[PDB]
Amino acid sequence: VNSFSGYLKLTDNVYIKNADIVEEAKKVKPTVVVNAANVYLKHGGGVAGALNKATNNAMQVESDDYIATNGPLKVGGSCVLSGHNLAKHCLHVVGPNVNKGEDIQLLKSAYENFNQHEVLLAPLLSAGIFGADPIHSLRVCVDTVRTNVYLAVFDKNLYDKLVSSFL
Ligand SMILES: OC[C@H](O)[C@H]1CCCN1c1ncnc2[nH]ccc12
Ligand SMILES: [Cl-]
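Residue numbering for the sequence shown follows PDB author numbering, starting at 3 and increasing by one per position.
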């Protein structure tokens, strides 16, 4: 039993809700919140910009030190950093950005990072300003993640389209 509330159950391990991931993290304080990161951990917009803003830019300061030490992530890769005031940890995961011409096949590799964590609050990878089809992202999530994932979806038309179309 966990403290996530109001989610629709899609499968044995995947749950979905129309929600703002920032406000959800602040309420639940999950062990792991997933960020929709880029390889430079430059948290400008989308989920990343919103999470970072909620940390008063502490996420960005920590991220800049991470990059200075380790260099950029790989597309499809991840790193674990602090969750600041939002969660114990933040798993920064890089899905392919179709608006950069990156390979959508890397979306499965990106979701594989979730399997290293028993429970996660997450967005749909490569959706929104990353330019992939969210219905596709949900399908890859369900077919790749085996740990317990609570998916937040900010928009309502999306969310309703994702639910109604789920196979
Ligand atoms: O709503 C659309 C999608 O879900 C993803 C892609 C674009 C933003 N977005 C978010 N999901 C969840 N929480 C969020 N907070 C702020 C943004 C956000
Ligand atoms: Cl985004």
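We treat Cβ as the ideally placed atom computed from N, Cα and C, and that holds for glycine.
Residue state for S139 is assigned as helix, using DSSP reduced to three classes. A Cβ closer than 6 Å to some heavy atom of ligand 2 marks a residue here, and those residues are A38, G48, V49, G130, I131 and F132. Closer than 8 Å to some heavy atom of ligand 1: that describes the Cβ of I23.
Between the segment 14–24 and the segment 101–121 there are fewer than three inter-stretch CB-CB distances shorter than 8 Å, so the stretches are not counted as touching.
Residue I18 holds the alpha-carbon nearest to the alpha-carbon of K158 among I18, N54 and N37. Distance between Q62 and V142, taken at the CA atoms: about 29 Å. In chain order, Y17, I18, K19 and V165 place their CB closer than 8 Å to the CB of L10, counting only its own chain and leaving out the 5 sequence neighbours on each side.
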